[PDB]
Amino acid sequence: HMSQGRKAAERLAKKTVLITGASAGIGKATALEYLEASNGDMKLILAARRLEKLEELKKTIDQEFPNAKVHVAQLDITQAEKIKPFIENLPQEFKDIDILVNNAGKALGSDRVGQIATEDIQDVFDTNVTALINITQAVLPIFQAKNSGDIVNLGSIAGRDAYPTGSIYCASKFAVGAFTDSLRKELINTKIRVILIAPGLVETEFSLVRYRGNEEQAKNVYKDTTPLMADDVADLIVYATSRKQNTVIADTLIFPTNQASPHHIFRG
């Protein structure tokens, strides 16, 4: 198991990764890809709300990667007050986080301004931005203590090119990008790496969530295109975080070949 070559595996070995939104889509793919690239030799902290999904993943990992160690954690990152204790209370074995993947995130609906539910505004901002920042602040001290660690934030093409009907989501991803940029500028005197991942169309549960479980509307987003799959973004994240320390794959835009922006999507 060395999906990315020997040197990348060496660099990943024995590191501890904390992944938010590990129950599905990119987060889940990323947990698996980290093992593919390191010959199973890492420690994973998988956090999301759906505990069974996490358990199921751990079981999959357990048999596929005997030498992997996985700590499953039911956490709604929206519940601010639980973040700091969550970190402080990690089992000894998993306390020394090396890579934080702020992947948990969502979009709710495609309403034009004027039609947007206040709940949808709070939920998207709280999950995408506020929680991302809380989790970041709670982990950072670990990195600063040892002057090492990667902070990986999931932005989006929507974070640099806004589109109509996506005002809130775009506002949230623009925010994530900016926060990420300040952070990188603050840390230039450390060896802590700050990495922004910005995908276009990836077929996950993202569109299913976005349209409240309506499978029709979800599949329709990808109709007549070959979008990215979660493992494609996972591939990039593991790639970025397995570079030699001095290298920062700082900001990457990943697209399916048929897409060039939110407004430029070829449908065959």
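Numbers follow the displayed sequence, beginning with 1.
- When the C-alpha B-factors of 104-112 and 178-186 are averaged, 104-112 comes out higher.
- Of the two stretches examined, 189-197 and 69-77, the record assigns the greater average C-alpha temperature factor to 69-77.
- The PDB entry gives the largest Cα B-factor of the residues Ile97, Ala131, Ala162, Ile168 to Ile97.
- As recorded in the PDB entry, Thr118 shows the highest C-alpha B-factor of the residues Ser148, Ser156, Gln137, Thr118.
- Ranked against the other modelled residues of its chain, the C-alpha B-factor of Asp231 as given in the entry falls in the middle third.
- Per-chain ranking of the deposited C-alpha B factor places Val17 in the lowest third.
- The entry lists a Cα temperature factor for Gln122 that places it in the middle third of the chain's modelled residues.
- Per-chain ranking of the deposited C-alpha B factor places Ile142 in the middle third.
- In the deposited entry, the Cα temperature factor of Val202 places it in the middle third of its chain's modelled residues.
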